[PDB]
Amino acid sequence: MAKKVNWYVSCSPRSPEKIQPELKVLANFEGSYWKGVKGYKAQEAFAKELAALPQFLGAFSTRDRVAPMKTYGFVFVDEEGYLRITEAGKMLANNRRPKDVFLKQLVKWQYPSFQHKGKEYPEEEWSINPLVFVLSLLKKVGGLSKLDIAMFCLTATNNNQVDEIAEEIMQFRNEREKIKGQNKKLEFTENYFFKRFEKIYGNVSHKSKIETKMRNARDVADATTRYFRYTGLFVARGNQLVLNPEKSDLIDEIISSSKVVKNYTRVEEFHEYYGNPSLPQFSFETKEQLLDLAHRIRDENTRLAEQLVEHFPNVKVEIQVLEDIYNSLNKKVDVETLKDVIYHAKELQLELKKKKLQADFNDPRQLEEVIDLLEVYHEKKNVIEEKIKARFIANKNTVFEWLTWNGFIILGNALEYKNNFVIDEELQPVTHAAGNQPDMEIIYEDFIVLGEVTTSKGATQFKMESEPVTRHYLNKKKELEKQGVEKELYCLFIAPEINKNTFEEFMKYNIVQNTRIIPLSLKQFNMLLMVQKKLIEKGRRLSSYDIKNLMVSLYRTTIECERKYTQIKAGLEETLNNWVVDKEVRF
Ligand SMILES: [Br-]
Ligand SMILES: [Br-]
Ligand SMILES: [Br-]
Ligand SMILES: [Br-]
Ligand SMILES: [Br-]
Ligand SMILES: [Br-]
Ligand SMILES: [Br-]
Ligand SMILES: [Br-]
Ligand SMILES: [Br-]
Ligand SMILES: [Br-]
Ligand SMILES: [Br-]
Ligand SMILES: [Br-]
Ligand SMILES: [Br-]
């Protein structure tokens, strides 16, 4: 059959925030001829401008990068052959309320559509809003792993199949539980997957063929969870995609008002709807009800801050931003201003939830959980992969970044815990930091620490980290100086095993290029977490000063110590132990 039998979310890119910079470049070619051979000139000029983008300075086809921008309603080619940018594409190019733009586009997203119609996508088989299908399915099955999405969701082609696939997942789960033996369970699962795709791609080395289908499905499932979590309607709970408990009413309305419109065969008529980021218009998107929503979020944020500020006065950072955001309603109260206030207020609530983790970590079980997961990174690669896949959606390299960041939060005192990796609305990890950024920036009152982490080993470690770390350091220092920020910059480089050549390369930059890179073993980093744990046990905790002094002391050792690897290494352990002993904790 030529009929397609699955939908997909693009893997180019697989994480949705990487579209904006592409789209901003593409918007420059609005009004360009973009069809046929006359289309070549503009499309090749675009391709060159895009290859200069940081994310591509590490070779695709232009058509391949543009396709998701068409599928999600940001751009189209009109009937006269010119490239056009929709209002949704314009908003995202300008970075206005991007997660909200994605929510509305992916809620409207349907099959068939202008991009996916005709012979390949017959209405007899196709009538689905993939994101909404998945919201409705989760109401039935609670959660979906990436494998669940690959096995059951992508091959759903009609909104009316929610109940049937719900029933089938539960029957799959009920049987799988009966299979005794973890390995046995893996094989059952894999064979259930093989058979299902068999009846479905029954179309036409067989096994080699449906195994490619299965592999593709897994790939797409990953991308799907990242795009869907980006909207905020979904979050991770362990290794499962689940509904965001704080968006219940919004999710109810989405399910209720979603639809497959039939006006998709001509490009203009379809994009007048699909490219409109005001559509669908939700019940509460009136001035009157947006005031109420803005005020509800303000009260939530206030409640949060006030619970924290007595023991964690660094939340005074978000309290003031909060005041600046809402002072705009003083000047003007219209729907657009309200939307912006509400967008920034949710962003700030997330910032408050990061400081709230400080209070969570007062419970030693919570704190030790972070330590214990970090300790997993001393195990062999196969063990790490298994333990992390069972507890997270994100891969183990991303999770190592997230765990190290939680480590900074446990030590406390920062003004901002700036993860550069992506997290979702429940603070769970999604996508690794970009190649041109350190993994995180922890800003304190009078110093700043970059966190650079890797699970890399030996020469590929040297390979991977020597230039980017020293470059990220130097770019940041440059930026701070241009911005007039009078704070010393440190970089903490953390690996389970720090390679001597990597180490020696950072020592050379420290003394030669005036960097302040401090290489700390995962074991040494975990020691810090244990020192804080014991202090909290005794009613104390580390101060901002304490952390500064560690950074300064270790820094000084890197440049004052004798120029010999073994000496500097032992000097750093010495300095560390002093600091630790100074805390007078049971060690
Ligand atoms: Br980029
Ligand atoms: Br194209
Ligand atoms: Br696509
Ligand atoms: Br098009
Ligand atoms: Br919305
Ligand atoms: Br998977
Ligand atoms: Br099971
Ligand atoms: Br077995
Ligand atoms: Br996200
Ligand atoms: Br604080
Ligand atoms: Br590893
Ligand atoms: Br992994
Ligand atoms: Br990633």
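Start at 1 with the first residue, then count along the sequence.
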Closest contact, heavy atoms only, [X] versus [Y]:
X: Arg365; Y: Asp363; result: N-OD1, 2.7 Å
X: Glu401; Y: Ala433; result: OE2-N, 3.0 Å
X: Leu529; Y: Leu374; result: CD1-CD1, 3.5 Å

Between [X] (side chain only) and [Y] (backbone N and O only), is there a donor and an acceptor less than 3.5 Å apart?
X: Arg218; Y: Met151; value: no
X: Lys247; Y: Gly232; value: no
X: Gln105; Y: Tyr72; value: yes

Problem set entry | Partner set under side-chain contact (heavy atoms from CB on, under 4.5 Å) for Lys548, not counting sequence neighbours |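 Once residues adjacent in sequence are excluded, the partners of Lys548 under the side-chain contact (heavy atoms from CB on, under 4.5 Å) criterion are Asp446, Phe447, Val552.
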
For this session: Examine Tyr545 together with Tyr444 and report whether their ring centres are nearer than 6.0 Å.
Result: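 No: the rings miss the under 6.0 Å criterion.
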
Exercise. What do you reckon, are the aromatic ring centroids of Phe421 and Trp402 less than 6.0 Å apart?
Worked result: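 Ring-ring flag for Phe421/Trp402: false, centres at least 6.0 Å apart.
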
Problem set entry | Carboxylate-amine/guanidinium proximity below 4.0 Å for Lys353 and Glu246 |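 Salt bridge: yes.
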
For this session: Please determine if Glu22 and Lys18 form a salt bridge, counting it only when a charged side-chain N lies under 4.0 Å from a carboxylate O.
Result: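 Looking at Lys18 together with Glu22, the answer is no, because their closest N to O distance does not fall below 4.0 Å.
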
For this session: Give a yes/no verdict on a cation-pi contact between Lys396 and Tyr377, requiring under 6.0 Å between NZ or CZ and the six-membered ring centre and an angle within 45° of the axis.
Result: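 Because its charged atom misses either the 6.0 Å distance or the 45° angle limit, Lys396 does not stack over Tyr377.
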
[X] versus [Y]: any side-chain heavy-atom pair under 4.5 Å?
X: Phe462; Y: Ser456; answer: no
X: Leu554; Y: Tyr490; answer: no
X: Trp579; Y: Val531; answer: yes
X: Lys354; Y: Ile423; answer: yes
X: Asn510; Y: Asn514; answer: no

Exercise. Does the side chain of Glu441 come under 3.5 Å of the side chain of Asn420 through a donor N or O and an acceptor N or O?
Worked result: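 No, no side-chain donor-acceptor contact under 3.5 Å.
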
For this session: I would like to know whether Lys476 and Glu479 meet salt bridge (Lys or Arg N to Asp or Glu O under 4.0 Å); could you show each step before the answer?
Result: CA-CA 5 Å; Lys476 190 81 188 181; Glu479 221 186 44; 3.5 Å; yes

For this session: Please step through side chain to side chain contact (heavy atoms under 4.5 Å, CB included) for the pair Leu550 and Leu528, ending with a clear verdict.
Result: CA-CA 10 Å; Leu550 182 55; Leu528 311 181; 3.7 Å; yes

Problem set entry | Contact list for residues 485-512, test salt bridge (charged side-chain N to carboxylate O under 4.0 Å, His left out), sequence neighbours left out |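 Pairs touching residues 485-512 that pass the test: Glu488-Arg516, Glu505-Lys508.
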
Exercise. For residues 223-234, which residue pairs qualify under side-chain hydrogen bond (donor to acceptor under 3.5 Å, both in side chains), counting only residues two or more places apart or in two chains?
Worked result: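 Only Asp222-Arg226, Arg226-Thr431, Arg229-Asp424 qualify under side-chain hydrogen bond (donor to acceptor under 3.5 Å, both in side chains).
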
Problem set entry | Working for salt bridge (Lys or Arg N to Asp or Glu O under 4.0 Å), residues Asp219 and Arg14 | CA-CA 9 Å; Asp219 203 353; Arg14 79 176 57 244; 2.7 Å; yes

For this session: Step through the shown structure and confirm whether more than 12 heavy atoms of other residues, nucleotides or ligands are within 6.0 Å of NZ on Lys24.
Result: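 At most 12 heavy atoms, drawn from other residues, nucleotides or ligands, come within 6.0 Å of this atom.
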
